[PDB]
>>> print(open('start31.cif').read())   # mmCIF, C-alpha atoms and all ligand atoms
data_protein
#
loop_
_atom_site.group_PDB
_atom_site.id
_atom_site.type_symbol
_atom_site.label_atom_id
_atom_site.label_comp_id
_atom_site.auth_asym_id
_atom_site.auth_seq_id
_atom_site.Cartn_x
_atom_site.Cartn_y
_atom_site.Cartn_z
ATOM 1 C CA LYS Q 176 -30.897 51.750 -25.261
ATOM 2 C CA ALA Q 177 -27.814 52.025 -22.946
ATOM 3 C CA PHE Q 178 -27.906 55.919 -23.011
ATOM 4 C CA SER Q 179 -31.269 55.874 -21.145
ATOM 5 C CA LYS Q 180 -29.705 53.441 -18.579
ATOM 6 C CA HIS Q 181 -26.649 55.771 -18.181
ATOM 7 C CA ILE Q 182 -28.812 58.911 -17.611
ATOM 8 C CA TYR Q 183 -30.926 57.056 -14.973
ATOM 9 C CA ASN Q 184 -27.851 55.876 -13.063
ATOM 10 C CA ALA Q 185 -26.417 59.490 -13.033
ATOM 11 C CA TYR Q 186 -29.796 60.655 -11.614
ATOM 12 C CA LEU Q 187 -29.819 57.917 -8.872
ATOM 13 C CA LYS Q 188 -26.108 58.661 -8.145
ATOM 14 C CA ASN Q 189 -26.606 62.453 -7.730
ATOM 15 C CA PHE Q 190 -30.067 63.207 -6.344
ATOM 16 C CA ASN Q 191 -30.591 62.947 -2.598
ATOM 17 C CA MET Q 192 -34.321 62.002 -2.950
ATOM 18 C CA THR Q 193 -36.215 59.916 -5.591
ATOM 19 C CA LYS Q 194 -39.916 60.247 -6.498
ATOM 20 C CA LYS Q 195 -40.326 56.606 -5.206
ATOM 21 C CA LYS Q 196 -38.888 57.575 -1.776
ATOM 22 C CA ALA Q 197 -40.936 60.834 -1.716
ATOM 23 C CA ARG Q 198 -44.256 59.155 -2.712
ATOM 24 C CA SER Q 199 -43.927 56.286 -0.156
ATOM 25 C CA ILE Q 200 -43.476 58.864 2.683
ATOM 26 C CA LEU Q 201 -46.385 61.051 1.413
ATOM 27 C CA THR Q 202 -48.766 58.052 1.190
ATOM 28 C CA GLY Q 203 -47.439 55.811 4.030
ATOM 29 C CA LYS Q 204 -45.451 52.646 4.991
ATOM 30 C CA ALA Q 209 -44.495 59.741 9.520
ATOM 31 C CA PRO Q 210 -43.137 63.285 8.760
ATOM 32 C CA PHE Q 211 -43.302 66.109 11.339
ATOM 33 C CA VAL Q 212 -45.940 68.606 10.174
ATOM 34 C CA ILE Q 213 -44.801 72.309 10.077
ATOM 35 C CA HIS Q 214 -47.870 74.644 10.119
ATOM 36 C CA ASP Q 215 -46.912 77.580 12.449
ATOM 37 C CA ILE Q 216 -43.916 79.182 14.353
ATOM 38 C CA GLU Q 217 -44.047 76.644 17.236
ATOM 39 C CA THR Q 218 -43.726 73.631 14.862
ATOM 40 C CA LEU Q 219 -41.171 75.477 12.669
ATOM 41 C CA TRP Q 220 -39.070 76.114 15.837
ATOM 42 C CA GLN Q 221 -39.600 72.450 16.921
ATOM 43 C CA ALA Q 222 -38.377 71.239 13.462
ATOM 44 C CA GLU Q 223 -35.233 73.402 13.865
ATOM 45 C CA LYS Q 224 -34.551 71.704 17.261
ATOM 46 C CA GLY Q 225 -35.778 68.142 16.475
ATOM 47 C CA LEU Q 226 -35.332 67.425 12.694
ATOM 48 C CA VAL Q 227 -31.967 66.676 10.982
ATOM 49 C CA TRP Q 228 -31.312 69.255 8.227
ATOM 50 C CA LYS Q 229 -28.462 69.533 5.607
ATOM 51 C CA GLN Q 230 -27.618 73.221 6.203
ATOM 52 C CA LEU Q 231 -27.463 73.712 9.979
ATOM 53 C CA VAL Q 232 -29.190 76.868 11.368
ATOM 54 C CA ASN Q 233 -25.800 78.458 12.294
ATOM 55 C CA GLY Q 234 -24.771 78.466 8.582
ATOM 56 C CA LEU Q 235 -27.863 80.472 7.443
ATOM 57 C CA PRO Q 236 -27.717 84.351 7.192
ATOM 58 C CA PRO Q 237 -28.417 86.200 10.531
ATOM 59 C CA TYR Q 238 -31.980 85.772 11.885
ATOM 60 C CA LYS Q 239 -34.501 88.475 10.848
ATOM 61 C CA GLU Q 240 -38.078 87.049 11.038
ATOM 62 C CA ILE Q 241 -40.240 83.948 10.320
ATOM 63 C CA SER Q 242 -40.988 84.733 6.576
ATOM 64 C CA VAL Q 243 -37.297 85.593 5.850
ATOM 65 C CA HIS Q 244 -36.131 82.405 7.719
ATOM 66 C CA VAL Q 245 -38.339 80.216 5.367
ATOM 67 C CA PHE Q 246 -36.984 82.225 2.371
ATOM 68 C CA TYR Q 247 -33.405 81.481 3.573
ATOM 69 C CA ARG Q 248 -34.226 77.743 4.066
ATOM 70 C CA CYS Q 249 -35.578 77.710 0.469
ATOM 71 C CA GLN Q 250 -32.423 79.542 -0.747
ATOM 72 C CA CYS Q 251 -30.112 76.826 0.637
ATOM 73 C CA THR Q 252 -32.237 73.972 -0.782
ATOM 74 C CA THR Q 253 -32.196 75.748 -4.216
ATOM 75 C CA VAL Q 254 -28.366 76.172 -4.180
ATOM 76 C CA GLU Q 255 -27.817 72.538 -3.028
ATOM 77 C CA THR Q 256 -30.091 71.259 -5.873
ATOM 78 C CA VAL Q 257 -28.023 73.480 -8.269
ATOM 79 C CA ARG Q 258 -24.852 71.604 -6.999
ATOM 80 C CA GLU Q 259 -26.556 68.160 -7.502
ATOM 81 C CA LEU Q 260 -27.760 69.276 -11.030
ATOM 82 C CA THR Q 261 -24.184 70.402 -11.990
ATOM 83 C CA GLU Q 262 -22.897 66.866 -11.066
ATOM 84 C CA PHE Q 263 -25.803 65.200 -12.896
ATOM 85 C CA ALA Q 264 -25.081 67.290 -16.070
ATOM 86 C CA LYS Q 265 -21.323 66.446 -15.906
ATOM 87 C CA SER Q 266 -22.361 62.710 -15.679
ATOM 88 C CA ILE Q 267 -23.828 63.064 -19.274
ATOM 89 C CA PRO Q 268 -20.697 62.205 -21.466
ATOM 90 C CA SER Q 269 -21.554 64.694 -24.281
ATOM 91 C CA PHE Q 270 -22.198 67.663 -21.874
ATOM 92 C CA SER Q 271 -18.624 67.609 -20.417
ATOM 93 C CA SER Q 272 -17.152 67.824 -23.990
ATOM 94 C CA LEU Q 273 -18.733 71.332 -24.327
ATOM 95 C CA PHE Q 274 -16.600 74.379 -23.406
ATOM 96 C CA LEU Q 275 -17.093 75.248 -19.707
ATOM 97 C CA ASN Q 276 -18.737 78.640 -20.539
ATOM 98 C CA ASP Q 277 -21.434 76.817 -22.596
ATOM 99 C CA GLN Q 278 -21.850 74.361 -19.643
ATOM 100 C CA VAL Q 279 -22.495 77.423 -17.399
ATOM 101 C CA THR Q 280 -24.943 78.976 -19.963
ATOM 102 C CA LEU Q 281 -27.043 75.760 -20.006
ATOM 103 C CA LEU Q 282 -27.034 75.541 -16.207
ATOM 104 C CA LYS Q 283 -27.759 79.314 -15.734
ATOM 105 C CA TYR Q 284 -31.045 78.897 -17.740
ATOM 106 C CA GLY Q 285 -32.083 75.239 -17.223
ATOM 107 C CA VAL Q 286 -31.421 74.931 -13.509
ATOM 108 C CA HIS Q 287 -34.675 76.519 -12.136
ATOM 109 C CA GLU Q 288 -36.677 74.725 -14.874
ATOM 110 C CA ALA Q 289 -35.202 71.360 -13.660
ATOM 111 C CA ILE Q 290 -35.670 72.337 -9.949
ATOM 112 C CA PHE Q 291 -39.441 72.991 -10.463
ATOM 113 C CA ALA Q 292 -39.929 69.693 -12.374
ATOM 114 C CA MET Q 293 -38.224 67.776 -9.425
ATOM 115 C CA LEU Q 294 -40.145 69.850 -6.840
ATOM 116 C CA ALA Q 295 -43.349 68.092 -8.086
ATOM 117 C CA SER Q 296 -41.937 64.750 -6.664
ATOM 118 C CA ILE Q 297 -41.891 66.104 -3.024
ATOM 119 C CA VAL Q 298 -45.160 68.160 -3.470
ATOM 120 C CA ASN Q 299 -48.852 67.368 -3.027
ATOM 121 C CA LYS Q 300 -51.998 69.624 -2.850
ATOM 122 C CA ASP Q 301 -51.607 70.258 0.916
ATOM 123 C CA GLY Q 302 -47.865 70.918 1.140
ATOM 124 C CA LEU Q 303 -44.376 69.496 0.610
ATOM 125 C CA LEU Q 304 -41.652 67.290 2.196
ATOM 126 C CA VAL Q 305 -38.668 68.950 3.964
ATOM 127 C CA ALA Q 306 -35.496 67.827 5.904
ATOM 128 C CA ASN Q 307 -34.878 64.674 3.752
ATOM 129 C CA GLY Q 308 -38.509 63.528 4.164
ATOM 130 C CA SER Q 309 -38.437 63.927 8.024
ATOM 131 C CA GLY Q 310 -40.804 66.951 7.919
ATOM 132 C CA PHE Q 311 -43.845 68.211 5.976
ATOM 133 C CA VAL Q 312 -44.508 72.000 5.527
ATOM 134 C CA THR Q 313 -48.172 72.885 4.887
ATOM 135 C CA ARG Q 314 -49.250 75.026 1.946
ATOM 136 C CA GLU Q 315 -51.546 77.149 4.206
ATOM 137 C CA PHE Q 316 -48.579 78.000 6.485
ATOM 138 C CA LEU Q 317 -46.640 79.284 3.437
ATOM 139 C CA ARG Q 318 -49.858 81.180 2.493
ATOM 140 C CA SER Q 319 -49.719 82.791 6.052
ATOM 141 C CA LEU Q 320 -46.275 84.422 5.587
ATOM 142 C CA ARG Q 321 -45.961 88.188 4.876
ATOM 143 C CA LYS Q 322 -46.052 89.535 1.305
ATOM 144 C CA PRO Q 323 -44.125 89.081 -0.990
ATOM 145 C CA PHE Q 324 -42.928 85.783 0.648
ATOM 146 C CA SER Q 325 -46.466 84.295 0.697
ATOM 147 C CA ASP Q 326 -46.649 84.840 -3.144
ATOM 148 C CA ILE Q 327 -43.558 82.934 -4.310
ATOM 149 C CA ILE Q 328 -44.489 79.222 -3.968
ATOM 150 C CA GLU Q 329 -48.142 79.388 -5.188
ATOM 151 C CA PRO Q 330 -47.455 78.966 -9.017
ATOM 152 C CA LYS Q 331 -45.085 76.027 -8.240
ATOM 153 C CA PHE Q 332 -47.988 74.157 -6.557
ATOM 154 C CA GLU Q 333 -50.338 74.888 -9.541
ATOM 155 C CA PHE Q 334 -47.604 73.306 -11.823
ATOM 156 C CA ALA Q 335 -46.779 70.355 -9.461
ATOM 157 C CA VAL Q 336 -50.386 69.057 -9.160
ATOM 158 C CA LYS Q 337 -50.888 69.172 -13.004
ATOM 159 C CA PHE Q 338 -47.393 67.588 -13.534
ATOM 160 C CA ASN Q 339 -48.009 64.744 -11.000
ATOM 161 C CA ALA Q 340 -51.212 63.883 -12.981
ATOM 162 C CA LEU Q 341 -48.854 62.424 -15.682
ATOM 163 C CA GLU Q 342 -47.571 59.816 -13.119
ATOM 164 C CA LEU Q 343 -43.939 59.822 -14.329
ATOM 165 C CA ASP Q 344 -41.298 57.885 -12.452
ATOM 166 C CA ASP Q 345 -37.524 58.385 -11.713
ATOM 167 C CA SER Q 346 -36.391 56.795 -15.031
ATOM 168 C CA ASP Q 347 -38.631 59.217 -17.025
ATOM 169 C CA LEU Q 348 -37.506 62.213 -14.901
ATOM 170 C CA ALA Q 349 -33.777 61.423 -15.489
ATOM 171 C CA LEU Q 350 -34.335 61.992 -19.269
ATOM 172 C CA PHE Q 351 -36.795 64.917 -18.775
ATOM 173 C CA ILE Q 352 -34.266 66.840 -16.592
ATOM 174 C CA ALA Q 353 -31.462 65.997 -19.055
ATOM 175 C CA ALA Q 354 -33.545 67.468 -21.954
ATOM 176 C CA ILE Q 355 -34.255 70.697 -19.963
ATOM 177 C CA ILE Q 356 -30.460 71.325 -19.243
ATOM 178 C CA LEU Q 357 -29.409 70.547 -22.849
ATOM 179 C CA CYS Q 358 -31.444 73.214 -24.656
ATOM 180 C CA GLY Q 359 -30.138 75.025 -27.797
ATOM 181 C CA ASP Q 360 -32.472 78.084 -27.353
ATOM 182 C CA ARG Q 361 -30.334 79.536 -24.498
ATOM 183 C CA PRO Q 362 -29.039 83.127 -24.907
ATOM 184 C CA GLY Q 363 -25.300 83.598 -25.438
ATOM 185 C CA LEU Q 364 -24.684 79.975 -26.512
ATOM 186 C CA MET Q 365 -21.399 79.546 -28.383
ATOM 187 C CA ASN Q 366 -21.789 76.121 -30.095
ATOM 188 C CA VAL Q 367 -25.583 75.910 -30.563
ATOM 189 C CA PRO Q 368 -25.511 73.079 -33.240
ATOM 190 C CA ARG Q 369 -23.571 70.734 -30.809
ATOM 191 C CA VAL Q 370 -26.037 71.355 -27.894
ATOM 192 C CA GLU Q 371 -28.939 70.712 -30.368
ATOM 193 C CA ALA Q 372 -27.159 67.420 -31.364
ATOM 194 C CA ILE Q 373 -27.144 66.256 -27.663
ATOM 195 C CA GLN Q 374 -30.760 67.472 -27.136
ATOM 196 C CA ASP Q 375 -32.013 65.408 -30.115
ATOM 197 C CA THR Q 376 -30.415 62.191 -28.783
ATOM 198 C CA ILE Q 377 -31.936 62.852 -25.296
ATOM 199 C CA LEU Q 378 -35.400 63.589 -26.765
ATOM 200 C CA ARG Q 379 -35.144 60.439 -28.977
ATOM 201 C CA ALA Q 380 -34.104 58.419 -25.870
ATOM 202 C CA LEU Q 381 -37.066 59.936 -23.909
ATOM 203 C CA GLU Q 382 -39.600 59.063 -26.697
ATOM 204 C CA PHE Q 383 -38.417 55.400 -26.860
ATOM 205 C CA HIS Q 384 -38.435 55.099 -23.056
ATOM 206 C CA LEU Q 385 -41.987 56.595 -22.737
ATOM 207 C CA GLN Q 386 -43.362 53.819 -25.014
ATOM 208 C CA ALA Q 387 -41.502 50.980 -23.188
ATOM 209 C CA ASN Q 388 -42.409 52.214 -19.649
ATOM 210 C CA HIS Q 389 -45.858 53.864 -20.363
ATOM 211 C CA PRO Q 390 -47.482 51.864 -23.263
ATOM 212 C CA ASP Q 391 -51.115 52.874 -22.494
ATOM 213 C CA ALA Q 392 -50.045 56.603 -22.286
ATOM 214 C CA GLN Q 393 -52.189 59.059 -24.266
ATOM 215 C CA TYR Q 394 -49.778 61.515 -26.022
ATOM 216 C CA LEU Q 395 -47.007 61.457 -23.265
ATOM 217 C CA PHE Q 396 -44.057 62.726 -25.400
ATOM 218 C CA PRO Q 397 -45.758 65.932 -26.794
ATOM 219 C CA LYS Q 398 -47.318 66.621 -23.323
ATOM 220 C CA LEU Q 399 -43.848 66.669 -21.709
ATOM 221 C CA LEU Q 400 -42.580 69.004 -24.508
ATOM 222 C CA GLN Q 401 -45.399 71.436 -23.604
ATOM 223 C CA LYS Q 402 -44.524 70.960 -19.867
ATOM 224 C CA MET Q 403 -40.926 72.118 -20.745
ATOM 225 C CA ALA Q 404 -42.389 75.272 -22.372
ATOM 226 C CA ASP Q 405 -44.664 75.926 -19.278
ATOM 227 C CA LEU Q 406 -41.566 75.515 -17.039
ATOM 228 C CA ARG Q 407 -39.770 78.357 -18.903
ATOM 229 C CA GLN Q 408 -42.765 80.653 -18.210
ATOM 230 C CA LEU Q 409 -42.703 79.680 -14.485
ATOM 231 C CA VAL Q 410 -38.950 80.578 -14.229
ATOM 232 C CA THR Q 411 -39.541 84.028 -15.868
ATOM 233 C CA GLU Q 412 -42.245 84.823 -13.241
ATOM 234 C CA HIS Q 413 -39.881 83.485 -10.483
ATOM 235 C CA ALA Q 414 -36.914 85.749 -11.531
ATOM 236 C CA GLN Q 415 -39.381 88.717 -11.712
ATOM 237 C CA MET Q 416 -40.572 87.968 -8.118
ATOM 238 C CA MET Q 417 -36.914 87.562 -7.056
ATOM 239 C CA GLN Q 418 -35.904 90.894 -8.621
ATOM 240 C CA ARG Q 419 -38.833 92.560 -6.724
ATOM 241 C CA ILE Q 420 -37.581 90.957 -3.409
ATOM 242 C CA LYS Q 421 -34.131 92.647 -4.055
ATOM 243 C CA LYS Q 422 -35.814 96.119 -4.534
ATOM 244 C CA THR Q 423 -38.570 95.966 -1.808
ATOM 245 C CA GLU Q 424 -36.860 93.834 0.871
ATOM 246 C CA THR Q 425 -33.462 95.676 1.115
ATOM 247 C CA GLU Q 426 -32.321 93.716 4.270
ATOM 248 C CA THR Q 427 -32.942 90.095 3.101
ATOM 249 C CA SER Q 428 -29.798 88.577 1.523
ATOM 250 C CA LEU Q 429 -29.934 86.886 -1.876
ATOM 251 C CA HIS Q 430 -27.307 84.160 -2.486
ATOM 252 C CA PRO Q 431 -24.736 85.483 -5.019
ATOM 253 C CA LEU Q 432 -25.157 82.352 -7.214
ATOM 254 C CA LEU Q 433 -28.968 82.955 -7.465
ATOM 255 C CA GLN Q 434 -28.452 86.748 -7.960
ATOM 256 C CA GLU Q 435 -26.350 85.800 -11.057
ATOM 257 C CA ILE Q 436 -28.979 83.271 -12.412
ATOM 258 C CA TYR Q 437 -31.733 86.019 -12.109
ATOM 259 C CA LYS Q 438 -29.503 88.964 -13.409
ATOM 260 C CA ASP Q 439 -30.891 88.802 -17.017
ATOM 261 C CA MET Q 440 -33.859 86.371 -16.409
HETATM 262 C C1 LIG Q 501 -41.104 82.538 0.967
HETATM 263 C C2 LIG Q 501 -41.314 81.142 0.385
HETATM 264 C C3 LIG Q 501 -42.753 80.898 -0.089
HETATM 265 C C4 LIG Q 501 -40.315 80.837 -0.691
HETATM 266 N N1 LIG Q 501 -39.108 81.355 -0.762
HETATM 267 N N2 LIG Q 501 -38.395 80.852 -1.820
HETATM 268 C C5 LIG Q 501 -39.092 79.987 -2.518
HETATM 269 N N3 LIG Q 501 -38.420 79.405 -3.530
HETATM 270 S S1 LIG Q 501 -38.959 78.312 -4.676
HETATM 271 O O1 LIG Q 501 -38.052 78.483 -5.782
HETATM 272 O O2 LIG Q 501 -40.406 78.328 -4.735
HETATM 273 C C6 LIG Q 501 -38.562 76.874 -3.752
HETATM 274 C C7 LIG Q 501 -39.471 76.512 -2.765
HETATM 275 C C8 LIG Q 501 -39.208 75.422 -1.966
HETATM 276 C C9 LIG Q 501 -38.029 74.678 -2.123
HETATM 277 C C10 LIG Q 501 -37.737 73.646 -1.099
HETATM 278 C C11 LIG Q 501 -38.228 74.466 0.076
HETATM 279 N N4 LIG Q 501 -37.959 74.108 1.399
HETATM 280 C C12 LIG Q 501 -38.523 74.521 2.548
HETATM 281 N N5 LIG Q 501 -37.710 74.121 3.552
HETATM 282 C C13 LIG Q 501 -38.013 74.460 4.807
HETATM 283 C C14 LIG Q 501 -39.115 75.201 5.134
HETATM 284 C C15 LIG Q 501 -39.343 75.534 6.517
HETATM 285 F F1 LIG Q 501 -38.405 76.381 7.007
HETATM 286 F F2 LIG Q 501 -40.547 76.125 6.719
HETATM 287 F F3 LIG Q 501 -39.278 74.411 7.263
HETATM 288 C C16 LIG Q 501 -39.993 75.588 4.130
HETATM 289 C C17 LIG Q 501 -39.719 75.258 2.807
HETATM 290 CL CL1 LIG Q 501 -40.937 75.812 1.682
HETATM 291 C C18 LIG Q 501 -37.095 75.061 -3.104
HETATM 292 C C19 LIG Q 501 -37.376 76.152 -3.949
HETATM 293 S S2 LIG Q 501 -40.669 79.712 -1.945
HETATM 294 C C1 LIG Q 502 -24.656 80.332 -12.928
HETATM 295 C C2 LIG Q 502 -24.773 78.835 -12.518
HETATM 296 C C3 LIG Q 502 -23.435 78.091 -12.110
HETATM 297 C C4 LIG Q 502 -23.446 77.045 -11.013
HETATM 298 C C5 LIG Q 502 -22.440 75.907 -10.601
HETATM 299 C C6 LIG Q 502 -22.646 74.897 -9.391
HETATM 300 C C7 LIG Q 502 -21.471 74.001 -9.192
HETATM 301 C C8 LIG Q 502 -21.148 72.674 -8.523
HETATM 302 O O1 LIG Q 502 -19.833 73.008 -8.253
HETATM 303 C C9 LIG Q 502 -19.588 72.365 -6.919
HETATM 304 O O2 LIG Q 502 -19.910 72.901 -5.371
HETATM 305 C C10 LIG Q 502 -19.431 72.090 -4.098
HETATM 306 C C11 LIG Q 502 -19.098 73.105 -2.802
HETATM 307 O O3 LIG Q 502 -19.377 74.560 -2.962
HETATM 308 C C12 LIG Q 502 -18.318 70.704 -4.377
HETATM 309 O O4 LIG Q 502 -18.204 69.689 -3.209
HETATM 310 C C13 LIG Q 502 -18.310 69.879 -5.906
HETATM 311 O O5 LIG Q 502 -17.148 68.910 -6.318
HETATM 312 C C14 LIG Q 502 -18.792 70.943 -7.082
HETATM 313 O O6 LIG Q 502 -18.501 70.695 -8.577
#
>>> encode(input="start31.cif", output="structure tokens", more="lines below")
Ligand SMILES: CC(C)c1nnc(NS(=O)(=O)c2ccc(CCNc3ncc(C(F)(F)F)cc3Cl)cc2)s1
Ligand SMILES: CCCCCCCCO[C@@H]1O[C@H](CO)[C@@H](O)[C@H](O)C1O
Amino acid sequence: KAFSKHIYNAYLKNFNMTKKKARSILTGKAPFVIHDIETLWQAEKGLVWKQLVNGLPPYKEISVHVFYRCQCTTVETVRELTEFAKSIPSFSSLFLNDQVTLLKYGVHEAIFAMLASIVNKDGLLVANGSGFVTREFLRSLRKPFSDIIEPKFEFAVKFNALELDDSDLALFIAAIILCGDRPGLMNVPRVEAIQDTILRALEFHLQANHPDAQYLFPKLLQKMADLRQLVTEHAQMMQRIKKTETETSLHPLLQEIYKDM
């Protein structure tokens, strides 16, 4: 009852952008549309970003610049997700190496679930909602960069059909991070103990918030499974980038996440 309230606060306290904020911008009541090099360059000059251009790896080309912008956003979400996880009382009681194991495997799964909030069929929100990058522009980048984001979109449209809100997402993301199936886990029974409480809290919240919902709890358990498949494909693509594109830098933190899978 109070656990669900605690998880939601931790979410609101740590994430820079809610699904409520993202949806109101996407619908209305105006973000700068990025669709080519001229608008992408304009966004760099005009728009206020978190990681300033000077902090990014040295300029190479358009496709690699977008890849670098994605790389920073990923790493920053990883930082926000580490603080959110710590904010769960049970999670911080686990030995730090088990905390790392959970984050090494759940992080991209959580990222893709939250990505659905800023994503629609035609593109996604950037620079704290100030800008909007089109899907066709990402489609226009050189291979393999044009092939990374496509399965995320295919997930995001199906996931947004469930119409979940920020209080549902807080528990969904919590359940993803606290997973007992992770390789190299030391105290697997304790992580399973936390997971069960989170999943029980999610079930009871999904009836209170979504009473007319047709099978919402088992649908979200299947969505967690689909998310694991999406991360596997992502690491595979990322490993291929490291072999083929031997001039584009991969952030050491992400290189470690992808190392095994
Ligand atoms: C090559 C490309 C398809 C990709 N490279 N890595 C990917 N990585 S990903 O894991 O799909 C991912 C995608 C998008 C975000 C926010 C992006 N944030 C963005 N921010 C700014 C711009 C820019 F520069 F165009 F304005 C574009 C995007 Cl997509 C976070 C993770 S997709
Ligand atoms: C393999 C996955 C491990 C990832 C851990 C991400 C950790 C969040 O670690 C952090 O980074 C910031 C600056 O670099 C700080 O301002 C925060 O107090 C902080 O805890």
>>> resolve_selection(input="start31.cif", expression="the PyMOL selection byres (((chain Q and resi 213-230) around 8) and not hetatm)", output="MDAnalysis selection string")
chainID Q and resid 211:212 231:232 234:235 241 251 306:307 309:313 315:316
>>> residues_around(input="start31.cif", residues="residue Q:398", least_positions_apart="4", cutoff="12 Å", atoms="all atoms listed in the file", output="MDAnalysis selection string")
chainID Q and resid 337:338 340:341 343 351 382 385 392:394 402:405
>>> closest_residue(input="start31.cif", among="Q:186, Q:263, Q:238, Q:324", to="ligand LIG 502 (chain Q)", atoms="all atoms listed in the file")
Q:263
>>> closest_atom_pairs(input="start31.cif", of="chain Q", to="ligand LIG 501 (chain Q)", cutoff="6 Å", atoms="all atoms listed in the file", output="tab-separated table")
residue	atom	partner	partner_atom	distance
Q:219	CA	Q:LIG501	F3	5.8
Q:245	CA	Q:LIG501	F1	4.2
Q:246	CA	Q:LIG501	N1	3.9
Q:248	CA	Q:LIG501	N5	5.1
Q:249	CA	Q:LIG501	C11	4.2
Q:252	CA	Q:LIG501	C18	5.5
Q:253	CA	Q:LIG501	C18	5.1
Q:305	CA	Q:LIG501	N5	5.3
Q:312	CA	Q:LIG501	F2	5.8
Q:317	CA	Q:LIG501	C3	5.5
Q:324	CA	Q:LIG501	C1	3.7
Q:325	CA	Q:LIG501	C3	5.1
Q:327	CA	Q:LIG501	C3	4.8
Q:328	CA	Q:LIG501	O2	4.2
>>> write_last_selection(input="start31.cif", atoms="C-alpha atoms", output="PDB file, keeping the file's coordinate frame")
ATOM      1  CA  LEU Q 219     -41.171  75.477  12.669  1.00  0.00           C
ATOM      2  CA  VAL Q 245     -38.339  80.216   5.367  1.00  0.00           C
ATOM      3  CA  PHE Q 246     -36.984  82.225   2.371  1.00  0.00           C
ATOM      4  CA  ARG Q 248     -34.226  77.743   4.066  1.00  0.00           C
ATOM      5  CA  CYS Q 249     -35.578  77.710   0.469  1.00  0.00           C
ATOM      6  CA  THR Q 252     -32.237  73.972  -0.782  1.00  0.00           C
ATOM      7  CA  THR Q 253     -32.196  75.748  -4.216  1.00  0.00           C
ATOM      8  CA  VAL Q 305     -38.668  68.950   3.964  1.00  0.00           C
ATOM      9  CA  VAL Q 312     -44.508  72.000   5.527  1.00  0.00           C
ATOM     10  CA  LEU Q 317     -46.640  79.284   3.437  1.00  0.00           C
ATOM     11  CA  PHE Q 324     -42.928  85.783   0.648  1.00  0.00           C
ATOM     12  CA  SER Q 325     -46.466  84.295   0.697  1.00  0.00           C
ATOM     13  CA  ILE Q 327     -43.558  82.934  -4.310  1.00  0.00           C
ATOM     14  CA  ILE Q 328     -44.489  79.222  -3.968  1.00  0.00           C
TER      15      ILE Q 328
END
>>> closest_residue(input="start31.cif", among="Q:434, Q:346, Q:374, Q:199", to="ligand LIG 502 (chain Q)", atoms="all atoms listed in the file")
Q:434
>>> residues_near_ligand(input="start31.cif", ligand="ligand LIG 502 (chain Q)", cutoff="10 Å", atoms="only C-alpha atoms and all ligand atoms", output="list in words")
residues 254, 255, 256, 257, 258, 259, 260, 261, 262, 263, 265, 276, 278, 279, 280, 281, 282, 283, 284, 285, 286, 431, 432, 433, 434, 435, 436, 437 and 438 of chain Q
>>> atom_distance(input="start31.cif", atom1="atom CA of residue Q:273", atom2="atom CA of residue Q:347")
24.4 Å
